[PDB]
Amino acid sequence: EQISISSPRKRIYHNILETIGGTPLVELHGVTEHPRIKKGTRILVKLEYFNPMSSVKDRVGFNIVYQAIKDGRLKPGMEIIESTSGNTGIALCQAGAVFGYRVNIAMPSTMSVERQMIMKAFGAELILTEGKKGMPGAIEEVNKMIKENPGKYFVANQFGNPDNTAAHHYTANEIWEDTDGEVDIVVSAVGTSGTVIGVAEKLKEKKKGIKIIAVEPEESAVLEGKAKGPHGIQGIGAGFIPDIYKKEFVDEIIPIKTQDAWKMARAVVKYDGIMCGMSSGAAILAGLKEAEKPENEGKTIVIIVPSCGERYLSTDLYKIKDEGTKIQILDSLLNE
């Protein structure tokens, strides 16, 4: 009932990249108000929008670029390039601005125009490709650019680069230390899969039998062997199995409908005051569905929240209103 805000960090950071990581683990209470969710079961959300550019990909852009520089894969006179219309391009733009490397981001001229402006603010060169060509048209142009200029480009390659996965060994360490080794279940919505696999690798090194749950859109359930299809959960459901995915490390895969993800995210900001994005809505509903299983009474369940709702204001996320009491809303999410 006493409320203590955070204490001083007692650190002076040398640049913005040193503020990446060490993201806070916060108890959910509002949305966990269910008779079937026992009071000893703990439901915690790891808020990756505390990163400097407000997303989990900050860790990925940083590690990919910093390791490439240390590796000699990225050297002076070269430039970074990466086809992406998401948070990865922002994170690559942030790392390139700090390290002093030009960043080329290719995306359909169609896409994330707010995100275009973010990327240009950082000094990125944007490579806007034909809208009706989607992301395949962006990847196509990157390839053409590499081929026409050998030696010039370092490709981030977020779905095939193990420096992605490896960045989440820190994410894992943070979950282990913050929970004092009590974590039982981790739930992660899957885009590149760097988070689910990197967290799993490192936690299973600490405790075999931590349960690792991947989340993906019901409308595009490729990890569960379904076909790529249209869905609305931004940041996840890439439509293929990333080359960095390692199925051995994932214990269960939970599909979540696009509309249910959005409705969960609406309930989390309303009842817990936590403004999470759409993929977080998916992860959290999967986590609540675990928290109501009898076998999981008293367990500690940690749910990754990759981004904040502010990056979704031009989407449909908040535009749909929800009927009912809190208990009605939660019952409709957990039922059928």
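Take the two forms, superpose them, and find the largest set of C-alpha atoms that agree within 1.5 Å; that set is the rigid core. A residue's number is simply how far along the shown sequence it sits, counting from 1.
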query	finding
Higher-deviation stretch (C-alpha RMS, rigid core fit) in 4 other deposited structures of this protein, choosing from 84 to 92 and 229 to 237	84 to 92
Divergent stretch in 4 other deposited structures of this protein, 131 to 139 or 146 to 154 [C-alpha RMS, superposed by the core]	131 to 139
Entry-level comparison of average CA B-factors, 316 to 324 and 7 to 15, reporting the higher stretch	316 to 324
Stretch exceeding the other in mean C-alpha B-factor - 115 to 123, 155 to 163	115 to 123
Selection from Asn104, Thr192, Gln94, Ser109 [criterion: highest C-alpha temperature factor in the record]	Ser109
Largest Cα B-factor, entry values, listed residues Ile185, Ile90, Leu128, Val196	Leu128
B-factor third for the C-alpha atom of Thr32 within its chain	middle
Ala265 - which third its CA temperature factor falls in, relative to the rest of the chain	middle
Record-listed C-alpha B factor of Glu290: chain third	middle
CA B-factor placement of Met78, once the chain's modelled residues are sorted into thirds	highest
Among modelled residues of the same chain, the CA temperature factor third for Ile274	lowest
